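Take a look at this one; I'll ask things after.
Just so you know, these numbers use all the heavy atoms, side chains as well, and skip hydrogens, waters and symmetry mates. Proteins come first, then strands; the chains are lettered A, B, ... in the order of their sequence lines, and each starts at number 1.
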Protein chains: 4
Amino acid sequence: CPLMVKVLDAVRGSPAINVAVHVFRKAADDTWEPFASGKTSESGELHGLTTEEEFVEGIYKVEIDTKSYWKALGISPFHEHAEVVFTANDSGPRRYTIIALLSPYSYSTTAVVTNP
Amino acid sequence: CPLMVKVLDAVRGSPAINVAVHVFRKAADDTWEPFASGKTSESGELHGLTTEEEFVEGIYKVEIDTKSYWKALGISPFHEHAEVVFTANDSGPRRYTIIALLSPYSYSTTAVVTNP
Amino acid sequence: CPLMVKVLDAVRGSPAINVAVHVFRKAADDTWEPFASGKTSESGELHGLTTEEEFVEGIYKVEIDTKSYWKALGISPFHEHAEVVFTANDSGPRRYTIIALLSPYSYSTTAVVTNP
Amino acid sequence: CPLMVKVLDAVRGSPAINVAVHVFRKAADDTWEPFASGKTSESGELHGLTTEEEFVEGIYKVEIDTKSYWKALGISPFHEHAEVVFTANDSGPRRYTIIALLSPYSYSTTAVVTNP
């Protein structure tokens, strides 16, 4: 599983459940092509977005729909979404975990990149 | 000054100087129309992007060129850039300060919103 | 496993391996009594600090020796250590994960608290 | 002003006003000797804790009373407080700004260190 997204709610100290996540990949013509999507589970994780074979080198964008998460809790948050844009697999295949820590007016994003 | 951006370097413990910042407004056809830009000063701040008159309600994107900053320091970074997207002035004009705390494989973006 | 500590290096985008962690509990006389200790594994996690039965209500302090981690990498970091002080189990037993994200001049700490 | 503390509220998007801050210096017997204190202003800042003459080399602890702040807002917090511990002036006198970004179950502390 080479791309995993984990989303945590820093207000409640809990996984952020049912958060929509959309992944895009930059094409040769420079547009953003839809690549995969999903929602976070009860553990705040989203697995199974892609496979080692499909996840070739390229520039990827992960957009996490944090506004709908907060709005469902009654909150009008600052960000429309939490983004992550990155070059993947430049020196060969790696496994990427994207960790997003969410608050209504702040978000932090961290990548843990490992080599199997 | 309705929009200010402050960028800090968590590796060196310093303002992040000469970071390029580009601001866009979402156009009616959902494309991003570039609005303003500048580079952070010696205190890591960027002032004067826009004015109260021009900064009408809408959705804005602030792109911070973090990859160029880390490259200039000789440090391998994860992200292409950091993209803060937010709806402005939804309840009246506000002053926004966006604080970006940078590390090579992690960053956080926080908004401090005050009502003049 | 009711107390778990996970430590990540935000510079390299990796688990922070072999980081010493000391846990203390406030006694009735208000001193800090040593409670458990350990080091993070290859995954940056430290499991097995305590048991559900031993981990009674109280105020706990987790001190993560981040200075030795950075010094071994050649870096003189800002913090002497990363602390976490918290009341545990006030409304009954819970499971606590403490996530520390480390940079030489910044650290973030987040608690994920769940109810089995 | 060799030591300043700035505290921000990630839930409301604002300076964290009237937060108590206590500074200690480690004594020769390893006890913490309280040094100075104050509360953050309307801009979330606390200036004037110490002076260049008094702020000699040593190990300092800054305790930020985050639990009282969250209680005053009616929000359940995780931590008892946030404790930033650092060695000061090891390579000569520096000006330190400690920035604390607060959420109820997460916080980060960053130092901006500049040489006058």
Q.
Check D:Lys67 with D:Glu80, please: is the shortest side-chain N to carboxylate O separation under 4.0 Å?
A. yes

Q: Please say whether more than 12 non-hydrogen atoms of neighbouring residues, nucleotides or ligands are located less than 6.0 Å from CD in D:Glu57.
A: yes

Q.
Can you tell me which portion of C:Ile98 sits under 4.5 Å from chain D's heavy atoms? Options are side chain, backbone, both or neither.
A. side chain

(Q) Is it the case that the ring center of C:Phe35 lies less than 6.0 angstrom away from the ring center of C:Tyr60? (A) yes

(Q) Can a side-chain donor-acceptor contact be found between D:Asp90 and D:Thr87 if the only test is distance below 3.5 angstrom? (A) no

Q.
At a 4.5 Å cut-off on heavy atoms, which part of C:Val113 comes close to chain D: side chain, backbone, both, or neither?
A. side chain

Q) Is it the side chain or the backbone of C:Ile59 that comes within 4.5 Å of chain D heavy atoms, both, or neither? A) side chain

